[PDB]
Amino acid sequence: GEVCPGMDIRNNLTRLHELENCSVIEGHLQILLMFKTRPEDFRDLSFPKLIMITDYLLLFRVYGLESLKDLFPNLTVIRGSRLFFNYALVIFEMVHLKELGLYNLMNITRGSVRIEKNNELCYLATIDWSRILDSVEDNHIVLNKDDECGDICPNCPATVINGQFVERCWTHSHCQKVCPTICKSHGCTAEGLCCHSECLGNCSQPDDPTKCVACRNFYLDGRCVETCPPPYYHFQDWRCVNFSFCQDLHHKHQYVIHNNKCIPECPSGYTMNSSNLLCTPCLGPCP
């Protein structure tokens, strides 16, 4: 599917369908202050093509939304390139949310989770966040129904972490996926076979970098690669783009080339050589 840009959806769900063909959201996704919505508005609303968000996902005051299992069933990675304070996932004052249900979420590459003040929210104690975030120390998961819920799981890969039992499930009908330790963050197939080391979270076939659901490093021409090879540039810290792409952006921020990256603007101490979008340093003061 498409790569869509960061979005900020308020008041109406009309603009939410702009996401219908996205595989990747290159930016953040904020859905907020939806006071007109009811559960019926979300019974037939799904974005099954969405696999990854490069920055953060934020949900605040969205009426009638009871679970995210139908909205984002296949969301596998939130990269956290840019964060909301220090958070890659924010669920705040979500009036009717009964469960997260992000049963395909395998990795949050950078940043923490803040799930606060969700009066109906359950299925939180059942999630092993250590499988998703390296550091759960900065998680702030407080003031939810689950602070007594009666969370009931399908069968799940239950575990004891410290002295705490954690059943590892997202909903009454969805377990949390777990891979052998040898797979690290790469993911595995249903049979436990490791995805390629260039994959992140999941793959359709083992040990094949063209069969990844998402990439650990960079994406190029249906393949996960360690770094962008020439003549390509690193873009948004997840994909390889060509000069012409960076140039088209500039002529539509006015994007520049710097250290094999296509970026919004020249850093301090540099000026942009006009004929080739290239940041050049300033000998003496910058013009």
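Residue positions are given as counts along the sequence shown, with the first one as 1.
*Asks:* Report, from the record, the number of residues in the deposited sequence between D147 and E148 that have no coordinates, as none, 1 to 3, 4 to 9, or 10 or more.
*Replies:* In the deposited sequence, 1 to 3 residues between these two have no coordinates.
*Asks:* What number of deposited residues lacks coordinates in the span between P154 and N155: none, 1 to 3, 4 to 9, or 10 or more?
*Replies:* Gap between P154 and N155: 4 to 9 unmodelled residues.
*Asks:* As stated in the PDB record, which stretch has the larger average Cα B-factor, 36 to 44 or 234 to 242?
*Replies:* Between 234 to 242 and 36 to 44, it is 36 to 44 that shows the higher mean C-alpha B-factor.
*Asks:* Comparing average C-alpha B factors as deposited, tell me which of 270 to 278 and 21 to 29 sits higher.
*Replies:* Averaged over C-alpha atoms, the B-factors run higher in 270 to 278.
*Asks:* Which of these, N86, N217, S173, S197, has its C-alpha atom at the highest B-factor, as the entry lists it?
*Replies:* Top of the list by C-alpha B-factor: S173.
*Asks:* Sorting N162, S130, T109, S112 by Cα temperature factor from the record, which one lands on top?
*Replies:* Within the set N162, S130, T109, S112, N162 shows the top C-alpha B-factor.
*Asks:* Based on the deposited C-alpha B factors for this chain, I'd like to know if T189 is in the lowest, middle or highest third.
*Replies:* Top third by C-alpha B-factor.
*Asks:* With respect to C-alpha B-factor, does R61 fall in the lowest, middle or highest third of the chain as deposited?
*Replies:* Bottom third by C-alpha B-factor.
*Asks:* Could you tell me which third, lowest, middle or highest, the C-alpha B-factor of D248 occupies within its chain?
*Replies:* Its C-alpha B-factor, which the entry lists for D248, ranks in the highest third among residues of this chain.
*Asks:* With respect to C-alpha B-factor, does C122 fall in the lowest, middle or highest third of the chain as deposited?
*Replies:* Highest third, going by the recorded CA B-factors of the chain.
*Asks:* Pull the Cα B-factor of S135 out of the PDB entry and bin it into the chain's lowest, middle or highest third.
*Replies:* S135: CA B-factor falls in the highest third of its chain.
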